[PDB]
């Protein structure tokens, strides 16, 4: 299983044009927020070529 989310997810929307999880977990915000960056596994295509893993709460549970 993917790691559980150790914090609440109640305030964060994820829809076609909005992904509030990335305000902290994106590559550009991870250092500043303390949140672990989403890894290249979340960006790669089917063959490994380098997010495609976008709808975060389909996989991660809080």
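Numbering follows the first chain given and starts at 1.
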I want to verify a possible break: how many residues of the deposited sequence sit between residue 18 and residue 19 without any coordinates (none, 1 to 3, 4 to 9, 10 or more)? none
Looking at the entry, does 20-28 or 6-14 show the higher mean C-alpha B-factor? 6-14
Among the modelled residues of its chain, does the C-alpha B-factor of residue 61 lie in the lowest, middle or highest third? middle
Can you work out whether the C-alpha temperature factor of residue 48 puts it in the lowest, middle or highest third of the chain? lowest
